[PDB]
Amino acid sequence: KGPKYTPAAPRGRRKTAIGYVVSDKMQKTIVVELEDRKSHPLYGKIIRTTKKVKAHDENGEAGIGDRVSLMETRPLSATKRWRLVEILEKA
Amino acid sequence: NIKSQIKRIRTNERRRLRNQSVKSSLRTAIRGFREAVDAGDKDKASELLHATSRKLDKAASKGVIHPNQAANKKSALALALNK
Amino acid sequence: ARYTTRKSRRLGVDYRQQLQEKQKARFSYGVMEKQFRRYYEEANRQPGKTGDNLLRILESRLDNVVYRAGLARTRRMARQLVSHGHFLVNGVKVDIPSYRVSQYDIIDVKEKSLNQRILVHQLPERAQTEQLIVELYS
Amino acid sequence: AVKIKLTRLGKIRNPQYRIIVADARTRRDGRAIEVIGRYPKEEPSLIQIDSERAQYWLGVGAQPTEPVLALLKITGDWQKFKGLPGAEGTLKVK
RNA sequence: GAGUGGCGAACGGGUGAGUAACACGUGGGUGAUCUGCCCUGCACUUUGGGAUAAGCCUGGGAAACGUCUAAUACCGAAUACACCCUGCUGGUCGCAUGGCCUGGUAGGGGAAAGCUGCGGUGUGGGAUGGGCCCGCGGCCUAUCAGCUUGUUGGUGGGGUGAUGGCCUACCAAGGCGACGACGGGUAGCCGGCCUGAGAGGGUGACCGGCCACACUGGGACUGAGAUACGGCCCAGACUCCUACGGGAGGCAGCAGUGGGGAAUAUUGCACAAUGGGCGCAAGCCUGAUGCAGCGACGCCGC
Ligand SMILES: [Mg+2]
Ligand SMILES: [Mg+2]
Ligand SMILES: [Mg+2]
Ligand SMILES: [Mg+2]
Ligand SMILES: [Mg+2]
Ligand SMILES: [Mg+2]
Ligand SMILES: [Mg+2]
Ligand SMILES: [Mg+2]
Ligand SMILES: [Mg+2]
Ligand SMILES: [Mg+2]
Numbered sequence: 005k006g007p008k009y010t011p012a013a016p017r018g019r020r021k022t023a024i025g026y027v028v029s030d031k032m033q034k035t036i037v038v039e040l041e042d043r044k045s046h047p048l049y050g051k052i053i054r055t056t057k058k059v060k061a062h063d064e065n066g067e068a069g070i071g072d073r074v075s076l077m078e079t080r081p082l083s084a085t086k087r088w089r090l091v092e093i094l095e096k097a
Numbered sequence: 003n004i005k006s007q008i009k010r011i012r013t014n015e016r017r018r019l020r021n022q023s024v025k026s027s028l029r030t031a032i033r034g035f036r037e038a039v040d041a042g043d044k045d046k047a048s049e050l051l052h053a054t055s056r057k058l059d060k061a062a063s064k065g066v067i068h069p070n071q072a073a074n075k076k077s078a079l080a081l082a083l084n085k
Numbered sequence: 002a003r004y005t009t010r011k012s013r014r015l016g017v018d046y047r048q049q050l051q052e053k054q055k056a057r058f059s060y061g062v063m064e065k066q067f068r069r070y071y072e073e074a075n076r077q078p079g080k081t082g083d084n085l086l087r088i089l090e091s092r093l094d095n096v097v098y099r100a101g102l103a104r105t106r107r108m109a110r111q112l113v114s115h116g117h118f119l120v121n122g123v124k125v126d127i128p129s130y131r132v133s134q135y136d137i138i139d140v141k142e143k144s145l146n173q174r175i176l177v178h179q180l181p182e183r184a185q191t192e193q194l195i196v197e198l199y200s
Numbered sequence: 002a003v004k005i006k007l008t009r010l011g012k013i014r015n016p017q018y019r020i021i022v023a024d025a026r027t028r029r030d031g032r033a034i035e036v037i038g039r040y042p043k044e045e046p047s048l049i050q051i052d053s054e055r056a057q058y059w060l061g062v063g064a065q066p067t068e069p070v071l072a073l074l075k076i077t078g079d080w081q082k083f084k085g086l087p088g089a090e091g092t093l094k095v096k
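Chains as they are written, first to last, in the deposited numbering: chain Q, 5 to 13, 16 to 97; chain T, 3 to 85; chain D, 2 to 5, 9 to 18, 46 to 146, 173 to 185, 191 to 200; chain P, 2 to 40, 42 to 96.
As structure tokens, then:
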């Protein structure tokens, strides 16, 4: 009577990021600089912080001074956690 | 000691020598495959895949190697054989 | 600890002035300073006037009730009666002077105890000095 | 695997249990997956259970412990799950 | 009774040495993955053999660790179209590798156990527990300014449950740092707890999570799962038994003893209750736990 098979029965979103490219000199990986802004807990200055984020290029499309949209991945390599989705603007 | 550890030491000598034997037999099977491929010997190596891929998945059926390991060996041998 | 006329004689009414009104309020009701400290810290938590709640809590004591009831003369006389367990509350032996009776509490006397059972309609407001004892603390 | 326990939250000589779904491995007063119900020092024992959650966890296959299996059999969530004709109707308070 | 065998022994309990780190706290990700026992679909439990403890007879010593017979122990096969591998191809989904429709095909292979009601293999699903990445957060120091060579990336292989310089062989020459890198010092982290009107400051007792460690270091084996306290192997430090031939052991389990300290407890009772393990069950273990003793150590009450 029972069906010999049953259904499995979705898809959480990964984080995104946009930032200006720096040092795209390493085999299809683009080192993107992401700006962040948080208020300092006591004093209440809005501090501009930055960090370099190694993105997987594939084929070497973007260049330096480009504003590249990104998305997270698994570890493609140690440091490299990201890939580019889409390339806005140019050098 | 004092405990039933004395019994479970006697098992881990027995059950090692079973699993050591099967793990070693897979290595010599997989080793003799690669020497057939590196010679440029197609008809011999095509036979040795069905020899080894039989023997891999039987070791997964024992509960020694675990099936995901047994699968990823068979994948590596078949993609080697096609070239 | 139970204290067990002169202590009243020093005060009359048988920082200089602040302590003296607390002292009569304490030794009237027979309270120890740690217990008197607790009723203050409960009173200020409750709403309304914080001073007026203090006298409500001290008047609520089960032995105080006996004094008002007049079953036993001299508030200190009632200490001997209550702890000995002569009194009863809702068919339960209260052997405790610190019992604070609420509304609709029925105080009866135990059978025998031969040496008249009045009920609590509400906790009485101050009309039935506090601002020294409030300004004493804090 | 998963198991319906009791967990002793009371003061000395005065236990109060709450009926907890948890792993077999966890310590007695450990982390629950969910608190279903609650439960012995009364003329009438006090027993309260969510009937909806009890059916869910039993339907998955949470094994009751021996004294919890009495409480489920009393209140009659065990007979809803098992589907045997003894039915439900027990407890009161007063 | 002991002995082979199955499960358990990774849980419970201990302590804070180490660690300034994805260790922890809150957030997500897993199209990058595992899961014994448990229940609840579907399909099967076919067929044959070879040994080995116990038992006897030997040696060895104060002590303690050569010939036979069974099994749900261990093994050749057969069957399984669910499943694993490879080739050619259909449609859709999108966030790129890719996923999913047990997609459809045609090649090659995967298992098992029985005896007085419990089980046993394979494979869909559900639930539990994990593992691995990242966003931000949280002490002191420049009288620490340069650090890195598997180092940062790529390609082909090896490897893992799984993604990854995780490892390895060849090309490229990059990575991190004044927003404090690399060093030195101290430190279990937190929910909380003490204070303060607050913002802050201090602390991490009990109780409840996560981490690390089990004489000191370095391993792996067995397994569904291992920092494997009361396991194994080796190396060191230390201490016991000895008939000097040989051995054995690690309280940071609960009690307890001696030290060190201004200072901290009984060599208690019981599995009756709740939790856990094994067994069909009756039960049998549980210094977890429930309680008792002792000390005004604290908070209440007479
Ligand atoms: Mg591979
Ligand atoms: Mg450091
Ligand atoms: Mg097992
Ligand atoms: Mg330390
Ligand atoms: Mg201030
Ligand atoms: Mg060690
Ligand atoms: Mg293994
Ligand atoms: Mg020990
Ligand atoms: Mg062990
Ligand atoms: Mg001890």
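C-beta atoms are modelled at their ideal positions from N, C-alpha and C, and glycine is treated no differently.
Nearest-angstrom Cα distance between residue i and residue j?
i: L94(Q); j: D63(Q); result: 14 angstroms
i: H46(Q); j: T56(Q); result: 15 angstroms
i: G66(Q); j: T35(Q); result: 8 angstroms
i: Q17(P); j: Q50(P); result: 12 angstroms
i: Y199(D); j: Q193(D); result: 10 angstroms
i: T79(Q); j: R19(Q); result: 11 angstroms
i: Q48(D); j: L176(D); result: 37 angstroms
i: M32(Q); j: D42(Q); result: 25 angstroms
i: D30(P); j: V22(P); result: 12 angstroms
i: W88(Q); j: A61(Q); result: 5 angstroms
i: residue 179(Q); j: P81(Q); result: The requested residue 179(Q) does not occur in the structure, where chain Q is confined to residues 5 to 97.
i: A25(P); j: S26(T); result: 38 angstroms
i: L76(Q); j: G50(Q); result: 30 angstroms
i: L89(D); j: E73(D); result: 11 angstroms
i: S29(Q); j: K21(Q); result: 23 angstroms
i: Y4(D); j: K75(P); result: 58 angstroms
i: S59(D); j: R28(P); result: 54 angstroms
i: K58(Q); j: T85(Q); result: 10 angstroms
i: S91(D); j: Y46(D); result: 28 angstroms
i: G85(P); j: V62(P); result: 15 angstroms
i: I138(D); j: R9(P); result: 37 angstroms
i: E35(P); j: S129(D); result: 42 angstroms
i: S114(D); j: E68(P); result: 47 angstroms
Using 10 angstroms around the beta-carbon of residue i, count the other beta-carbons present and answer buried if the total reaches 16, otherwise exposed.
i: residue 1(D); result: Summary: the structure shown does not reach residue 1(D), with chain D confined to residues 2 through 200, and so no result is reported for it.
i: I4(T); result: exposed
i: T54(T); result: buried
i: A72(P); result: exposed
i: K75(T); result: buried
i: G11(P); result: exposed
Which same chain residues, not among the five before or five after residue i, have their C-beta less than 7 angstroms away from its C-beta?
i: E49(T); result: none
i: residue 1(P); result: Chain P is shown only over 2 to 96; residue 1(P) falls outside these bounds and no answer can be derived.
Which same chain residues end up closer than 8 angstroms to residue i when comparing Cβ atoms and leaving out the 5 residues on each side of it in sequence?
i: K53(D); result: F67, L194, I195, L198
i: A80(T); result: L51, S55
i: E90(P); result: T77, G78, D79, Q81, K82
i: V91(Q); result: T22, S75, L76, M77
i: residue 243(D); result: No information on residue 243(D) is available, as it lies outside the stretch 2 to 200 that chain D covers here.
i: residue 41(P); result: In this structure residue 41(P) is absent; chain P steps straight from 40 to 42.
Ignore the nearest five residues each way along the sequence and tell me which others in residue i's own chain have a CB closer than 6 angstroms to its CB.
i: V27(Q); result: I36, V38, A68, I70, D72, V74
i: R183(D); result: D83, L86
i: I5(P); result: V22, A64, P66, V70
How about the stretch 20-28 of chain T and the stretch 60-67 of chain T: do they share at least three Cβ pairs that are nearer than 8 angstroms? yes
Whole alpha helix (DSSP H) runs in the stretch 56-83 of chain Q with 4 or more residues, listed along the chain? none
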